[PDB]
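Here is model.txt, consisting of compact mmCIF, C-alpha atoms:
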```txt
# COMPACT_ATOMS: atom_id res chain seq x y z
CA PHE A 1 8.48 30.65 -1.00
CA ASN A 2 6.16 28.37 0.96
CA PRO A 3 7.43 27.20 4.38
CA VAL A 4 3.94 26.56 5.73
CA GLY A 5 3.42 23.97 3.01
CA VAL A 6 5.46 20.79 3.42
CA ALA A 7 3.78 17.88 1.64
CA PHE A 8 1.39 16.03 3.95
CA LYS A 9 -1.04 18.93 3.53
CA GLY A 10 -3.27 18.40 0.51
CA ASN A 11 -2.93 14.78 -0.58
CA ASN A 12 -5.67 12.30 -1.48
CA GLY A 13 -5.28 8.74 -2.74
CA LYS A 14 -8.09 6.67 -4.22
CA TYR A 15 -10.84 4.17 -3.39
CA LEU A 16 -8.84 1.85 -1.14
CA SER A 17 -10.76 -1.38 -1.73
CA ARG A 18 -9.83 -4.39 -3.86
CA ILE A 19 -8.03 -7.21 -2.05
CA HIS A 20 -9.11 -8.65 1.31
CA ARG A 21 -8.22 -12.31 1.81
CA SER A 22 -10.72 -14.46 -0.10
CA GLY A 23 -9.13 -13.46 -3.39
CA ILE A 24 -5.64 -14.44 -2.28
CA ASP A 25 -3.95 -17.43 -0.65
CA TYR A 26 -0.23 -16.78 -1.09
CA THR A 27 2.64 -15.99 1.29
CA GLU A 28 5.38 -13.86 -0.25
CA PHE A 29 6.02 -11.78 2.87
CA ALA A 30 5.26 -14.46 5.46
CA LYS A 31 7.66 -16.89 3.77
CA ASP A 32 10.55 -15.55 1.70
CA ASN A 33 12.10 -17.44 -1.22
CA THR A 34 15.59 -18.86 -1.73
CA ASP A 35 18.04 -18.37 -4.61
```
Hey, can you dump this file as structure tokens for me?
Amino acid sequence: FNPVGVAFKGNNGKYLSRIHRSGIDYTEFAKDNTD
């Protein structure tokens, strides 16, 4: 039993820092591909 606890409570990710813009010049989301 634990109704008070859902999921959002108690959850940590990591050091969010790697890509910004200088190290990337693509457009996968901006422009989709055909097939």
Coordinates-based distance that separates atom CA of residue 31 of chain A from atom CA of residue 19 of chain A (Å, one decimal):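 The value is 19.3 Å.
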Atom CA of residue 32 of chain A to atom CA of residue 18 of chain A, straight-line distance in Å: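 Distance reported for this atom pair: 23.9 Å.
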Kindly give the distance, in Å, that separates atom CA of residue 4 of chain A and atom CA of residue 16 of chain A, rounded to a single decimal.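 Computed distance, atom CA of residue 4 of chain A to atom CA of residue 16 of chain A, equals 28.7 Å.
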Return segment 16-33 of chain A, completed with N, CA and C atoms, as a PDB file, in the frame of the given file.
```pdb
ATOM      1  N   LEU A  16      -9.571   2.979  -1.706  1.00  0.00           N
ATOM      2  CA  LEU A  16      -8.840   1.850  -1.140  1.00  0.00           C
ATOM      3  C   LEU A  16      -9.776   0.676  -0.873  1.00  0.00           C
ATOM      4  N   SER A  17      -9.895  -0.210  -1.856  1.00  0.00           N
ATOM      5  CA  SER A  17     -10.760  -1.380  -1.730  1.00  0.00           C
ATOM      6  C   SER A  17     -10.632  -2.280  -2.958  1.00  0.00           C
ATOM      7  N   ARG A  18     -10.015  -3.442  -2.770  1.00  0.00           N
ATOM      8  CA  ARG A  18      -9.830  -4.390  -3.860  1.00  0.00           C
ATOM      9  C   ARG A  18      -9.543  -5.790  -3.319  1.00  0.00           C
ATOM     10  N   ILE A  19      -8.421  -5.931  -2.620  1.00  0.00           N
ATOM     11  CA  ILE A  19      -8.030  -7.210  -2.050  1.00  0.00           C
ATOM     12  C   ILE A  19      -8.361  -7.275  -0.560  1.00  0.00           C
ATOM     13  N   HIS A  20      -8.768  -8.452  -0.097  1.00  0.00           N
ATOM     14  CA  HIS A  20      -9.110  -8.650   1.310  1.00  0.00           C
ATOM     15  C   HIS A  20      -8.421  -9.885   1.870  1.00  0.00           C
ATOM     16  N   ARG A  21      -8.805 -11.051   1.360  1.00  0.00           N
ATOM     17  CA  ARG A  21      -8.220 -12.310   1.810  1.00  0.00           C
ATOM     18  C   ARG A  21      -8.784 -13.483   1.013  1.00  0.00           C
ATOM     19  N   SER A  22     -10.064 -13.399   0.664  1.00  0.00           N
ATOM     20  CA  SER A  22     -10.720 -14.460  -0.100  1.00  0.00           C
ATOM     21  C   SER A  22     -10.105 -14.587  -1.487  1.00  0.00           C
ATOM     22  N   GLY A  23      -9.729 -13.453  -2.070  1.00  0.00           N
ATOM     23  CA  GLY A  23      -9.130 -13.460  -3.390  1.00  0.00           C
ATOM     24  C   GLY A  23      -7.617 -13.508  -3.345  1.00  0.00           C
ATOM     25  N   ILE A  24      -7.082 -14.307  -2.428  1.00  0.00           N
ATOM     26  CA  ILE A  24      -5.640 -14.440  -2.280  1.00  0.00           C
ATOM     27  C   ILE A  24      -5.285 -15.480  -1.225  1.00  0.00           C
ATOM     28  N   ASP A  25      -4.377 -16.386  -1.573  1.00  0.00           N
ATOM     29  CA  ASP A  25      -3.950 -17.430  -0.650  1.00  0.00           C
ATOM     30  C   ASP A  25      -2.458 -17.713  -0.802  1.00  0.00           C
ATOM     31  N   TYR A  26      -1.673 -16.650  -0.932  1.00  0.00           N
ATOM     32  CA  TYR A  26      -0.230 -16.780  -1.090  1.00  0.00           C
ATOM     33  C   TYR A  26       0.499 -16.282   0.158  1.00  0.00           C
ATOM     34  N   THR A  27       1.821 -16.429   0.161  1.00  0.00           N
ATOM     35  CA  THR A  27       2.640 -15.990   1.290  1.00  0.00           C
ATOM     36  C   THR A  27       4.025 -15.568   0.833  1.00  0.00           C
ATOM     37  N   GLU A  28       4.107 -14.382   0.233  1.00  0.00           N
ATOM     38  CA  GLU A  28       5.380 -13.860  -0.250  1.00  0.00           C
ATOM     39  C   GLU A  28       6.145 -13.167   0.873  1.00  0.00           C
ATOM     40  N   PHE A  29       5.412 -12.490   1.752  1.00  0.00           N
ATOM     41  CA  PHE A  29       6.020 -11.780   2.870  1.00  0.00           C
ATOM     42  C   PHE A  29       6.220 -12.719   4.063  1.00  0.00           C
ATOM     43  N   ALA A  30       5.201 -13.521   4.352  1.00  0.00           N
ATOM     44  CA  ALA A  30       5.260 -14.460   5.460  1.00  0.00           C
ATOM     45  C   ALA A  30       6.419 -15.442   5.292  1.00  0.00           C
ATOM     46  N   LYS A  31       6.589 -15.940   4.072  1.00  0.00           N
ATOM     47  CA  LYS A  31       7.660 -16.890   3.770  1.00  0.00           C
ATOM     48  C   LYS A  31       8.454 -16.440   2.552  1.00  0.00           C
ATOM     49  N   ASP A  32       9.689 -16.007   2.782  1.00  0.00           N
ATOM     50  CA  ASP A  32      10.550 -15.550   1.700  1.00  0.00           C
ATOM     51  C   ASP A  32      10.990 -16.724   0.826  1.00  0.00           C
ATOM     52  N   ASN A  33      11.632 -16.414  -0.294  1.00  0.00           N
ATOM     53  CA  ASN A  33      12.100 -17.440  -1.220  1.00  0.00           C
ATOM     54  C   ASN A  33      13.624 -17.523  -1.214  1.00  0.00           C
TER      55      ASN A  33
END
```
